[PDB]
file coords13.csv (CSV, C-alpha atoms and all ligand atoms)
chain,number,residue,atom,x,y,z
A,4,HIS,CA,-6.2,-101.4,-76.0
A,5,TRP,CA,-9.7,-100.1,-75.1
A,6,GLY,CA,-10.8,-96.6,-75.8
A,7,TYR,CA,-13.7,-94.5,-77.1
A,8,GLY,CA,-13.4,-95.1,-80.8
A,9,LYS,CA,-15.7,-97.1,-83.1
A,10,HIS,CA,-13.6,-100.2,-82.9
A,11,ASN,CA,-12.5,-100.1,-79.2
A,12,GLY,CA,-15.2,-98.1,-77.5
A,13,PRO,CA,-17.9,-98.9,-74.9
A,14,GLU,CA,-19.8,-101.4,-77.1
A,15,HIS,CA,-16.7,-103.5,-77.4
A,16,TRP,CA,-15.4,-103.4,-73.8
A,17,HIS,CA,-17.4,-106.5,-72.7
A,18,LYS,CA,-15.2,-108.7,-74.8
A,19,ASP,CA,-12.2,-108.0,-72.6
A,20,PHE,CA,-14.0,-107.0,-69.5
A,21,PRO,CA,-17.2,-109.1,-69.2
A,22,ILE,CA,-18.3,-107.3,-66.0
A,23,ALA,CA,-19.3,-104.6,-68.5
A,24,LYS,CA,-22.6,-106.5,-68.6
A,25,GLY,CA,-22.8,-106.9,-64.8
A,26,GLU,CA,-25.4,-106.1,-62.3
A,27,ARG,CA,-24.1,-102.8,-61.0
A,28,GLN,CA,-22.5,-100.9,-63.9
A,29,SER,CA,-22.1,-97.2,-64.2
A,30,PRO,CA,-23.0,-94.6,-65.3
A,31,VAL,CA,-26.8,-94.6,-65.2
A,32,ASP,CA,-29.6,-92.3,-66.1
A,33,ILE,CA,-30.9,-90.6,-63.0
A,34,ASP,CA,-34.7,-90.5,-63.3
A,35,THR,CA,-35.4,-87.7,-60.9
A,36,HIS,CA,-39.0,-88.6,-60.4
A,37,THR,CA,-38.2,-92.2,-59.4
A,38,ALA,CA,-35.2,-91.5,-57.2
A,39,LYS,CA,-36.3,-92.1,-53.6
A,40,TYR,CA,-35.7,-89.4,-51.0
A,41,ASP,CA,-34.0,-91.0,-48.1
A,42,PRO,CA,-34.3,-88.7,-45.0
A,43,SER,CA,-31.8,-90.8,-43.1
A,44,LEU,CA,-29.0,-90.0,-45.6
A,45,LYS,CA,-26.5,-87.7,-43.9
A,46,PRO,CA,-25.0,-84.6,-45.3
A,47,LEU,CA,-21.9,-85.1,-47.2
A,48,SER,CA,-18.7,-84.1,-45.4
A,49,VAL,CA,-16.2,-82.9,-47.9
A,50,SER,CA,-13.0,-82.1,-46.1
A,51,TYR,CA,-10.5,-80.8,-48.6
A,52,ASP,CA,-8.8,-78.0,-46.5
A,53,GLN,CA,-5.5,-80.0,-46.3
A,54,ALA,CA,-5.6,-81.4,-49.9
A,55,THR,CA,-2.2,-81.8,-51.5
A,56,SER,CA,-2.3,-81.9,-55.3
A,57,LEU,CA,0.8,-83.3,-56.9
A,58,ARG,CA,0.7,-83.7,-60.7
A,59,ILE,CA,-1.5,-83.7,-63.7
A,60,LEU,CA,-1.3,-86.5,-66.2
A,61,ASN,CA,-2.7,-87.2,-69.7
A,62,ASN,CA,-3.3,-91.0,-69.5
A,63,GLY,CA,-4.6,-91.3,-73.0
A,64,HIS,CA,-8.2,-91.5,-71.9
A,65,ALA,CA,-8.6,-88.3,-69.8
A,66,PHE,CA,-6.4,-86.2,-67.6
A,67,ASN,CA,-6.0,-86.9,-63.9
A,68,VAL,CA,-5.1,-84.4,-61.2
A,69,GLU,CA,-3.4,-86.6,-58.6
A,70,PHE,CA,-3.3,-86.0,-54.8
A,71,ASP,CA,-1.2,-87.2,-51.9
A,72,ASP,CA,-3.3,-90.0,-50.5
A,73,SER,CA,-0.7,-91.3,-48.0
A,74,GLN,CA,-2.5,-89.5,-45.1
A,75,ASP,CA,-6.0,-88.3,-44.4
A,76,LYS,CA,-5.6,-84.9,-46.1
A,77,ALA,CA,-8.6,-84.7,-48.4
A,78,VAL,CA,-11.4,-86.9,-47.4
A,79,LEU,CA,-15.0,-87.7,-48.0
A,80,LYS,CA,-17.2,-88.9,-45.3
A,81,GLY,CA,-20.8,-88.9,-44.4
A,82,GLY,CA,-23.6,-89.2,-46.9
A,83,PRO,CA,-24.2,-92.8,-47.6
A,84,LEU,CA,-20.7,-93.7,-46.6
A,85,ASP,CA,-19.4,-95.6,-43.6
A,86,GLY,CA,-15.9,-94.6,-42.7
A,87,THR,CA,-13.3,-92.4,-44.4
A,88,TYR,CA,-12.5,-92.1,-48.1
A,89,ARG,CA,-9.3,-90.4,-49.2
A,90,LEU,CA,-9.1,-88.4,-52.4
A,91,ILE,CA,-6.7,-89.9,-54.8
A,92,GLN,CA,-7.5,-88.0,-58.1
A,93,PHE,CA,-10.0,-86.2,-60.1
A,94,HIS,CA,-10.7,-86.2,-63.8
A,95,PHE,CA,-13.4,-85.3,-66.3
A,96,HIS,CA,-15.3,-86.8,-69.1
A,97,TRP,CA,-16.4,-84.5,-71.9
A,98,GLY,CA,-17.9,-84.2,-75.4
A,99,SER,CA,-17.2,-83.0,-78.8
A,100,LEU,CA,-20.3,-80.7,-78.6
A,101,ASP,CA,-21.8,-79.0,-75.6
A,102,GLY,CA,-24.9,-81.2,-75.7
A,103,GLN,CA,-23.0,-84.4,-74.7
A,104,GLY,CA,-20.1,-85.4,-72.5
A,105,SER,CA,-21.4,-86.4,-69.2
A,106,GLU,CA,-21.6,-90.1,-68.2
A,107,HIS,CA,-24.5,-89.8,-65.9
A,108,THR,CA,-27.6,-88.2,-67.3
A,109,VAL,CA,-30.5,-86.6,-65.5
A,110,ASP,CA,-33.9,-87.4,-67.0
A,111,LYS,CA,-31.9,-88.3,-70.1
A,112,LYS,CA,-30.3,-84.9,-70.2
A,113,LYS,CA,-26.6,-84.9,-71.0
A,114,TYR,CA,-24.3,-82.3,-69.7
A,115,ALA,CA,-21.2,-81.0,-71.5
A,116,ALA,CA,-18.9,-82.7,-69.1
A,117,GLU,CA,-18.7,-84.5,-65.7
A,118,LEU,CA,-16.1,-84.2,-63.0
A,119,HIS,CA,-15.2,-87.3,-61.0
A,120,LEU,CA,-13.5,-86.9,-57.6
A,121,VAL,CA,-12.3,-90.4,-56.8
A,122,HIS,CA,-11.8,-91.5,-53.2
A,123,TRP,CA,-10.9,-94.9,-51.7
A,124,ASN,CA,-11.9,-96.4,-48.4
A,125,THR,CA,-9.1,-96.2,-45.9
A,127,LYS,CA,-10.0,-99.5,-44.3
A,128,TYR,CA,-8.5,-101.2,-47.4
A,129,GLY,CA,-5.1,-99.5,-47.1
A,130,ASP,CA,-4.5,-98.7,-50.8
A,131,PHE,CA,-6.5,-98.0,-53.9
A,132,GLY,CA,-5.6,-101.3,-55.6
A,133,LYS,CA,-7.1,-103.2,-52.7
A,134,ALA,CA,-10.1,-100.9,-52.5
A,135,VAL,CA,-11.1,-101.6,-56.1
A,136,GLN,CA,-11.5,-105.2,-55.2
A,137,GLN,CA,-14.2,-104.4,-52.6
A,138,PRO,CA,-17.9,-103.6,-53.1
A,139,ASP,CA,-17.5,-100.5,-50.8
A,140,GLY,CA,-14.0,-99.7,-51.9
A,141,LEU,CA,-14.5,-96.4,-53.7
A,142,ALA,CA,-16.6,-93.3,-53.4
A,143,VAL,CA,-16.8,-91.1,-56.5
A,144,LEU,CA,-18.2,-87.7,-56.3
A,145,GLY,CA,-19.7,-86.7,-59.7
A,146,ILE,CA,-20.4,-83.1,-60.7
A,147,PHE,CA,-22.0,-82.1,-63.9
A,148,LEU,CA,-20.6,-79.2,-66.0
A,149,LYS,CA,-22.9,-77.0,-68.1
A,150,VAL,CA,-21.6,-74.3,-70.4
A,151,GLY,CA,-22.3,-70.7,-69.3
A,152,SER,CA,-20.2,-68.5,-67.1
A,153,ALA,CA,-16.6,-69.5,-66.4
A,154,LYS,CA,-15.6,-71.5,-63.3
A,155,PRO,CA,-12.7,-69.5,-61.8
A,156,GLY,CA,-11.6,-72.5,-59.8
A,157,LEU,CA,-11.2,-74.5,-63.0
A,158,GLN,CA,-8.9,-72.1,-64.8
A,159,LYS,CA,-5.7,-73.3,-63.3
A,160,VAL,CA,-6.4,-76.8,-64.7
A,161,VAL,CA,-7.3,-75.3,-68.1
A,162,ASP,CA,-4.1,-73.3,-68.1
A,163,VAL,CA,-1.8,-76.3,-67.8
A,164,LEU,CA,-3.5,-78.5,-70.4
A,165,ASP,CA,-1.2,-77.2,-73.2
A,166,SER,CA,1.7,-78.9,-71.3
A,167,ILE,CA,0.0,-82.3,-71.2
A,168,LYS,CA,-1.4,-82.4,-74.7
A,169,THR,CA,-0.5,-86.0,-75.5
A,170,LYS,CA,-0.7,-89.4,-73.8
A,171,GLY,CA,1.9,-90.0,-71.2
A,172,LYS,CA,2.7,-86.3,-70.6
A,173,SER,CA,2.6,-85.0,-67.0
A,174,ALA,CA,3.2,-81.7,-65.3
A,175,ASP,CA,3.7,-80.6,-61.7
A,176,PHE,CA,0.4,-79.5,-60.3
A,177,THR,CA,0.9,-78.5,-56.7
A,178,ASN,CA,-1.2,-76.2,-54.6
A,179,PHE,CA,-4.4,-76.7,-56.4
A,180,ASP,CA,-7.5,-76.4,-54.2
A,181,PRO,CA,-10.3,-78.7,-55.4
A,182,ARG,CA,-12.9,-76.9,-53.3
A,183,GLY,CA,-13.0,-74.4,-56.2
A,184,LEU,CA,-14.7,-77.0,-58.4
A,185,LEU,CA,-17.8,-77.6,-56.2
A,186,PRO,CA,-21.2,-76.1,-56.6
A,187,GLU,CA,-22.9,-74.2,-53.7
A,188,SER,CA,-25.2,-77.1,-52.8
A,189,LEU,CA,-24.2,-80.6,-51.7
A,190,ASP,CA,-27.5,-82.1,-52.4
A,191,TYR,CA,-27.0,-85.5,-54.1
A,192,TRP,CA,-28.1,-88.7,-55.5
A,193,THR,CA,-26.4,-92.0,-54.6
A,194,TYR,CA,-26.4,-95.6,-55.9
A,195,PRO,CA,-24.0,-98.5,-56.0
A,196,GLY,CA,-22.1,-98.8,-59.2
A,197,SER,CA,-18.8,-99.3,-60.9
A,198,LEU,CA,-15.8,-97.7,-62.5
A,199,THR,CA,-16.9,-96.3,-65.8
A,200,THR,CA,-13.7,-97.3,-67.6
A,201,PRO,CA,-12.1,-100.7,-67.8
A,202,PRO,CA,-11.7,-102.7,-65.7
A,203,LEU,CA,-15.3,-101.6,-64.9
A,204,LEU,CA,-15.0,-103.0,-61.3
A,205,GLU,CA,-18.1,-102.9,-59.2
A,206,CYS,CA,-16.6,-101.1,-56.3
A,207,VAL,CA,-18.1,-97.6,-56.4
A,208,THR,CA,-20.5,-95.8,-54.2
A,209,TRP,CA,-21.6,-93.0,-56.6
A,210,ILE,CA,-22.5,-89.7,-55.1
A,211,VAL,CA,-23.8,-87.4,-57.9
A,212,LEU,CA,-24.4,-83.8,-57.0
A,213,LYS,CA,-27.7,-82.3,-58.1
A,214,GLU,CA,-26.4,-78.9,-58.8
A,215,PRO,CA,-24.1,-78.5,-61.9
A,216,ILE,CA,-21.2,-76.1,-62.1
A,217,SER,CA,-21.0,-73.6,-64.9
A,218,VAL,CA,-17.9,-73.5,-67.0
A,219,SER,CA,-17.3,-71.3,-70.0
A,220,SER,CA,-17.2,-72.3,-73.6
A,221,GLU,CA,-13.5,-71.4,-73.7
A,222,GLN,CA,-12.8,-73.7,-70.8
A,223,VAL,CA,-14.4,-76.8,-72.4
A,224,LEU,CA,-12.9,-75.9,-75.8
A,225,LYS,CA,-9.5,-76.2,-74.1
A,226,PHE,CA,-10.3,-79.7,-72.9
A,227,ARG,CA,-11.1,-80.6,-76.5
A,228,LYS,CA,-7.7,-79.6,-77.7
A,229,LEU,CA,-6.1,-82.5,-75.7
A,230,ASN,CA,-5.1,-85.6,-77.6
A,231,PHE,CA,-5.7,-89.3,-77.1
A,232,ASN,CA,-2.5,-90.1,-79.0
A,233,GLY,CA,1.1,-89.9,-77.9
A,234,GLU,CA,3.5,-87.3,-79.2
A,235,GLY,CA,4.6,-88.1,-82.7
A,236,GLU,CA,1.5,-90.0,-83.6
A,237,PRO,CA,-1.4,-88.8,-85.8
A,238,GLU,CA,-3.6,-86.4,-83.9
A,239,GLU,CA,-6.7,-87.8,-82.3
A,240,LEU,CA,-8.6,-85.1,-80.3
A,241,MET,CA,-9.5,-86.2,-76.8
A,242,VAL,CA,-13.3,-85.8,-77.1
A,243,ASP,CA,-16.3,-88.0,-76.3
A,244,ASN,CA,-14.4,-89.9,-73.6
A,245,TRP,CA,-17.7,-90.9,-71.9
A,246,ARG,CA,-19.4,-94.2,-71.4
A,247,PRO,CA,-23.2,-94.0,-72.1
A,248,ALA,CA,-25.8,-94.9,-69.4
A,249,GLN,CA,-26.0,-98.5,-68.5
A,250,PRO,CA,-29.1,-100.5,-67.3
A,251,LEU,CA,-30.1,-99.7,-63.8
A,252,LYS,CA,-31.1,-103.4,-63.1
A,253,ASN,CA,-31.8,-104.2,-59.5
A,254,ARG,CA,-30.9,-100.8,-58.1
A,255,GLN,CA,-32.6,-97.8,-56.6
A,256,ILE,CA,-31.2,-94.3,-56.7
A,257,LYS,CA,-31.6,-92.5,-53.5
A,258,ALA,CA,-31.8,-88.7,-53.1
A,259,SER,CA,-30.6,-86.7,-50.2
A,260,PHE,CA,-33.2,-84.0,-50.8
A,261,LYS,CA,-36.8,-83.5,-51.6
A,301,LIG,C1,-6.8,-104.2,-81.7
A,301,LIG,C2,-7.9,-104.2,-80.6
A,301,LIG,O1,-9.1,-104.0,-80.9
A,301,LIG,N1,-7.5,-104.5,-79.4
A,301,LIG,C3,-8.4,-104.4,-78.3
A,301,LIG,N2,-8.1,-104.6,-77.1
A,301,LIG,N3,-9.1,-104.5,-76.2
A,301,LIG,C4,-10.2,-104.0,-76.8
A,301,LIG,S1,-11.7,-103.8,-75.9
A,301,LIG,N4,-12.6,-105.1,-76.2
A,301,LIG,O2,-11.4,-103.7,-74.5
A,301,LIG,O3,-12.3,-102.6,-76.5
A,301,LIG,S2,-10.0,-103.9,-78.5
A,302,LIG,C1,-7.3,-94.6,-60.7
A,302,LIG,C2,-8.8,-94.4,-60.9
A,302,LIG,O1,-9.4,-93.5,-60.3
A,302,LIG,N1,-9.3,-95.1,-62.0
A,302,LIG,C3,-10.6,-94.9,-62.4
A,302,LIG,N2,-11.1,-95.5,-63.4
A,302,LIG,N3,-12.5,-95.1,-63.7
A,302,LIG,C4,-12.9,-94.2,-62.9
A,302,LIG,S1,-14.5,-93.4,-62.9
A,302,LIG,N4,-14.6,-92.8,-64.3
A,302,LIG,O2,-15.4,-94.4,-62.6
A,302,LIG,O3,-14.3,-92.4,-61.9
A,302,LIG,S2,-11.7,-93.8,-61.7
A,303,LIG,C1,-29.2,-74.3,-59.0
A,303,LIG,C2,-29.5,-75.7,-59.4
A,303,LIG,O1,-29.7,-76.6,-58.6
A,303,LIG,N1,-29.5,-75.9,-60.7
A,303,LIG,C3,-29.8,-77.1,-61.3
A,303,LIG,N2,-29.8,-77.3,-62.6
A,303,LIG,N3,-30.2,-78.5,-62.9
A,303,LIG,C4,-30.3,-79.3,-61.9
A,303,LIG,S1,-30.6,-81.0,-62.2
A,303,LIG,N4,-29.2,-81.7,-62.3
A,303,LIG,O2,-31.2,-81.4,-60.9
A,303,LIG,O3,-31.4,-81.2,-63.3
A,303,LIG,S2,-30.2,-78.5,-60.4
A,304,ZN,ZN,-14.6,-90.8,-64.5
call {"tool": "encode", "arguments": {"input": "coords13.csv", "output": "structure tokens", "more": "lines below"}}
Ligand SMILES: CC(=O)Nc1nnc(S(N)(=O)=O)s1
Ligand SMILES: CC(=O)Nc1nnc(S(N)(=O)=O)s1
Ligand SMILES: CC(=O)Nc1nnc(S(N)(=O)=O)s1
Ligand SMILES: [Zn+2]
result
Amino acid sequence: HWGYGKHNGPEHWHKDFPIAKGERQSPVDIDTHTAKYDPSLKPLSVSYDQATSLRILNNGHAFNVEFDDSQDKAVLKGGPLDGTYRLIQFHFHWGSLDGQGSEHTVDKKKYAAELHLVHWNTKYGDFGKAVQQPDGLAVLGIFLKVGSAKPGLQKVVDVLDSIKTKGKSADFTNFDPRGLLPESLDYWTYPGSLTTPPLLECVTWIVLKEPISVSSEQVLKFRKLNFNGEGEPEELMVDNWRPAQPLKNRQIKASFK
């Protein structure tokens, strides 16, 4: 029964998930001046041309756009990664206000939201096995700032009315996640964790430097979602972000100067 409220939010999670206090937790603050340029980091290879979206689900914590990950259709390779990582889902974290919502921060700056494209290492066969491995997942994180609309986001925005409450899903086929990416694939990378329980330390984080712009109306629609199920008192789905965790014995690497 974890969540984002005063009595079950991030400061409480450690009681049920003691790895919350572990050595490689996420998110973190990205101190841009202390990140180390690593010229041997390769360009990211984002291969989403054959991506097959299936469904969108309100899980009571966020909404997930799910993909067919039973073949190498949408994969992430390159960068800091060895091998092939299949896209399973994407989701966002966002705030009640435009000045908060991201999980990662950049020189302590918070963005209005953060997109997470979640991928798992095919050598482990399935996501459940991958999350038990230190190199099991690769999450591509993209910041959202409020300004001009993101045309490639609007099909997601438009369906949210149909998944207002926890447990609701809708068909969501033929969505092209390439429409969510910024122009540049410059990134920061570090070893971390899932940012929600069970907080497993299985993630290679790849956080893009360049934010995408979304409109105020687009993020306002995110904020009309509900944490609660249908027929329960309304709890707006806002502030579903974990704050930055201690970096501990990690160095953030940059792909760019
Ligand atoms: C009633 C209640 O608080 N149940 C909880 N279950 N897990 C929680 S936690 N520590 O993961 O936030 S709180
Ligand atoms: C199925 C799945 O992807 N679960 C996740 N839990 N937390 C995640 S995050 N915020 O670290 O990307 S992904
Ligand atoms: C075009 C471009 O790169 N814009 C940026 N805005 N902020 C940046 S950040 N995350 O490095 O602070 S990069
Ligand atoms: Zn996330």
call {"tool": "residues_around", "arguments": {"input": "coords13.csv", "residues": "residue A:92", "least_positions_apart": "4", "cutoff": "8 Å", "atoms": "all atoms listed in the file", "output": "number ranges by chain"}}
result
A: 67-70, 120-122
call {"tool": "closest_residue", "arguments": {"input": "coords13.csv", "among": "A:101, A:201, A:179, A:29", "to": "ligand LIG 301 (chain A)", "atoms": "all atoms listed in the file"}}
result
A:201
call {"tool": "closest_atom_pairs", "arguments": {"input": "coords13.csv", "of": "chain A", "to": "ligand ZN 304 (chain A)", "cutoff": "9 Å", "atoms": "all atoms listed in the file", "output": "tab-separated table"}}
result
residue	atom	partner	partner_atom	distance
A:65	CA	A:ZN304	ZN	8.4
A:93	CA	A:ZN304	ZN	7.9
A:94	CA	A:ZN304	ZN	6.1
A:95	CA	A:ZN304	ZN	5.9
A:96	CA	A:ZN304	ZN	6.1
A:106	CA	A:ZN304	ZN	7.9
A:117	CA	A:ZN304	ZN	7.6
A:118	CA	A:ZN304	ZN	6.9
A:119	CA	A:ZN304	ZN	5.0
A:120	CA	A:ZN304	ZN	8.0
A:121	CA	A:ZN304	ZN	8.0
A:143	CA	A:ZN304	ZN	8.3
A:145	CA	A:ZN304	ZN	8.1
A:198	CA	A:ZN304	ZN	7.3
A:199	CA	A:ZN304	ZN	6.1
A:200	CA	A:ZN304	ZN	7.3
A:245	CA	A:ZN304	ZN	8.0
call {"tool": "closest_residue", "arguments": {"input": "coords13.csv", "among": "A:36, A:246, A:172, A:58", "to": "residue A:230", "atoms": "all atoms listed in the file"}}
result
A:172
call {"tool": "residues_near_point", "arguments": {"input": "coords13.csv", "point": "(-29.5, -83.0, -60.2)", "cutoff": "8 Å", "atoms": "all atoms listed in the file", "output": "list in words"}}
result
residues 35, 109, 191, 192, 211, 212, 213, 214 and 215 of chain A
call {"tool": "residues_near_ligand", "arguments": {"input": "coords13.csv", "ligand": "ligand LIG 303 (chain A)", "cutoff": "12 Å", "atoms": "all atoms listed in the file", "output": "NGL selection string"}}
result
:A and (32-36 or 38 or 105 or 107-114 or 117 or 145-150 or 186-192 or 211-217 or 258-261)
call {"tool": "residues_around", "arguments": {"input": "coords13.csv", "residues": "residue A:8", "least_positions_apart": "4", "cutoff": "12 Å", "atoms": "all atoms listed in the file", "output": "list in words"}}
result
residues 4, 12, 13, 14, 15, 16, 64, 231, 239, 240, 241, 242, 243, 244, 245 and 246 of chain A
call {"tool": "closest_residue", "arguments": {"input": "coords13.csv", "among": "A:6, A:30, A:195, A:247", "to": "ligand LIG 301 (chain A)", "atoms": "only C-alpha atoms and all ligand atoms"}}
result
A:6
call {"tool": "closest_residue", "arguments": {"input": "coords13.csv", "among": "A:173, A:208, A:219, A:255", "to": "ligand LIG 302 (chain A)", "atoms": "all atoms listed in the file"}}
result
A:208
call {"tool": "closest_residue", "arguments": {"input": "coords13.csv", "among": "A:202, A:226, A:124, A:42", "to": "ligand LIG 301 (chain A)", "atoms": "all atoms listed in the file"}}
result
A:202
call {"tool": "closest_residue", "arguments": {"input": "coords13.csv", "among": "A:196, A:203, A:156, A:151", "to": "ligand LIG 301 (chain A)", "atoms": "all atoms listed in the file"}}
result
A:203
call {"tool": "atom_distance", "arguments": {"input": "coords13.csv", "atom1": "atom CA of residue A:71", "atom2": "atom CA of residue A:153"}}
result
27.6 Å
call {"tool": "residues_around", "arguments": {"input": "coords13.csv", "residues": "residue A:197", "least_positions_apart": "4", "cutoff": "6 Å", "atoms": "only C-alpha atoms", "output": "short mmCIF file (atom, residue, chain, number, x, y, z; two decimals) with C-alpha atoms, in the frame of the given file"}}
result
data_model
loop_
_atom_site.label_atom_id
_atom_site.label_comp_id
_atom_site.auth_asym_id
_atom_site.auth_seq_id
_atom_site.Cartn_x
_atom_site.Cartn_y
_atom_site.Cartn_z
CA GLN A 28 -22.50 -100.90 -63.90
CA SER A 29 -22.10 -97.20 -64.20
CA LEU A 203 -15.30 -101.60 -64.90
CA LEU A 204 -15.00 -103.00 -61.30
CA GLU A 205 -18.10 -102.90 -59.20
CA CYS A 206 -16.60 -101.10 -56.30
CA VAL A 207 -18.10 -97.60 -56.40
#
call {"tool": "residues_around", "arguments": {"input": "coords13.csv", "residues": "residue A:50", "least_positions_apart": "3", "cutoff": "12 Å", "atoms": "only C-alpha atoms", "output": "PDB file with C-alpha atoms, keeping the file's coordinate frame"}}
result
ATOM      1  CA  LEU A  47     -21.900 -85.100 -47.200  1.00  0.00           C
ATOM      2  CA  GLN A  53      -5.500 -80.000 -46.300  1.00  0.00           C
ATOM      3  CA  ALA A  54      -5.600 -81.400 -49.900  1.00  0.00           C
ATOM      4  CA  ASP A  75      -6.000 -88.300 -44.400  1.00  0.00           C
ATOM      5  CA  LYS A  76      -5.600 -84.900 -46.100  1.00  0.00           C
ATOM      6  CA  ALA A  77      -8.600 -84.700 -48.400  1.00  0.00           C
ATOM      7  CA  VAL A  78     -11.400 -86.900 -47.400  1.00  0.00           C
ATOM      8  CA  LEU A  79     -15.000 -87.700 -48.000  1.00  0.00           C
ATOM      9  CA  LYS A  80     -17.200 -88.900 -45.300  1.00  0.00           C
ATOM     10  CA  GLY A  81     -20.800 -88.900 -44.400  1.00  0.00           C
ATOM     11  CA  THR A  87     -13.300 -92.400 -44.400  1.00  0.00           C
ATOM     12  CA  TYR A  88     -12.500 -92.100 -48.100  1.00  0.00           C
ATOM     13  CA  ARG A  89      -9.300 -90.400 -49.200  1.00  0.00           C
ATOM     14  CA  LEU A  90      -9.100 -88.400 -52.400  1.00  0.00           C
ATOM     15  CA  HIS A 122     -11.800 -91.500 -53.200  1.00  0.00           C
ATOM     16  CA  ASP A 180      -7.500 -76.400 -54.200  1.00  0.00           C
ATOM     17  CA  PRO A 181     -10.300 -78.700 -55.400  1.00  0.00           C
ATOM     18  CA  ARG A 182     -12.900 -76.900 -53.300  1.00  0.00           C
TER      19      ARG A 182
END
call {"tool": "atom_distance", "arguments": {"input": "coords13.csv", "atom1": "atom CA of residue A:159", "atom2": "atom CA of residue A:66"}}
result
13.6 Å
call {"tool": "atom_distance", "arguments": {"input": "coords13.csv", "atom1": "atom CA of residue A:23", "atom2": "atom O2 of ligand LIG 301 (chain A)"}}
result
10.0 Å
call {"tool": "build_atoms", "arguments": {"input": "coords13.csv", "residues": "stretch 31-42 of chain A", "atoms": "N, CA, C and O atoms", "output": "mmCIF file, in the coordinates of the input"}}
result
data_model
loop_
_atom_site.group_PDB
_atom_site.id
_atom_site.type_symbol
_atom_site.label_atom_id
_atom_site.label_comp_id
_atom_site.auth_asym_id
_atom_site.auth_seq_id
_atom_site.Cartn_x
_atom_site.Cartn_y
_atom_site.Cartn_z
ATOM 1 N N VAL A 31 -25.387 -94.394 -65.059
ATOM 2 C CA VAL A 31 -26.800 -94.600 -65.200
ATOM 3 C C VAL A 31 -27.486 -93.321 -65.497
ATOM 4 O O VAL A 31 -26.967 -92.254 -65.220
ATOM 5 N N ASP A 32 -28.677 -93.398 -66.067
ATOM 6 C CA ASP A 32 -29.600 -92.300 -66.100
ATOM 7 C C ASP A 32 -30.260 -92.151 -64.741
ATOM 8 O O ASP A 32 -30.708 -93.122 -64.132
ATOM 9 N N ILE A 33 -30.249 -90.942 -64.228
ATOM 10 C CA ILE A 33 -30.900 -90.600 -63.000
ATOM 11 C C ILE A 33 -32.255 -90.044 -63.311
ATOM 12 O O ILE A 33 -32.408 -88.913 -63.771
ATOM 13 N N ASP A 34 -33.269 -90.872 -63.095
ATOM 14 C CA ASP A 34 -34.700 -90.500 -63.300
ATOM 15 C C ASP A 34 -35.060 -89.765 -62.004
ATOM 16 O O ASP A 34 -35.242 -90.459 -60.978
ATOM 17 N N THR A 35 -35.202 -88.439 -62.076
ATOM 18 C CA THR A 35 -35.400 -87.700 -60.900
ATOM 19 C C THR A 35 -36.666 -87.946 -60.183
ATOM 20 O O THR A 35 -36.774 -87.878 -58.969
ATOM 21 N N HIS A 36 -37.680 -88.310 -60.957
ATOM 22 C CA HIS A 36 -39.000 -88.600 -60.400
ATOM 23 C C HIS A 36 -39.035 -89.915 -59.669
ATOM 24 O O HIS A 36 -39.811 -89.997 -58.704
ATOM 25 N N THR A 37 -38.181 -90.863 -60.051
ATOM 26 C CA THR A 37 -38.200 -92.200 -59.400
ATOM 27 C C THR A 37 -37.132 -92.365 -58.381
ATOM 28 O O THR A 37 -37.168 -93.330 -57.630
ATOM 29 N N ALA A 38 -36.197 -91.466 -58.271
ATOM 30 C CA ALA A 38 -35.200 -91.500 -57.200
ATOM 31 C C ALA A 38 -36.025 -91.359 -55.880
ATOM 32 O O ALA A 38 -37.012 -90.667 -55.815
ATOM 33 N N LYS A 39 -35.628 -92.037 -54.850
ATOM 34 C CA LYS A 39 -36.300 -92.100 -53.600
ATOM 35 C C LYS A 39 -35.575 -91.165 -52.590
ATOM 36 O O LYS A 39 -34.432 -91.376 -52.250
ATOM 37 N N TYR A 40 -36.281 -90.185 -52.072
ATOM 38 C CA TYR A 40 -35.700 -89.400 -51.000
ATOM 39 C C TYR A 40 -35.540 -90.283 -49.775
ATOM 40 O O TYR A 40 -36.411 -91.045 -49.334
ATOM 41 N N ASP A 41 -34.342 -90.200 -49.213
ATOM 42 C CA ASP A 41 -34.000 -91.000 -48.100
ATOM 43 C C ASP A 41 -33.669 -90.021 -46.947
ATOM 44 O O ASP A 41 -32.563 -89.506 -46.904
ATOM 45 N N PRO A 42 -34.598 -89.753 -46.040
ATOM 46 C CA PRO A 42 -34.300 -88.700 -45.000
ATOM 47 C C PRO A 42 -33.226 -89.163 -44.023
ATOM 48 O O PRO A 42 -32.713 -88.387 -43.207
#
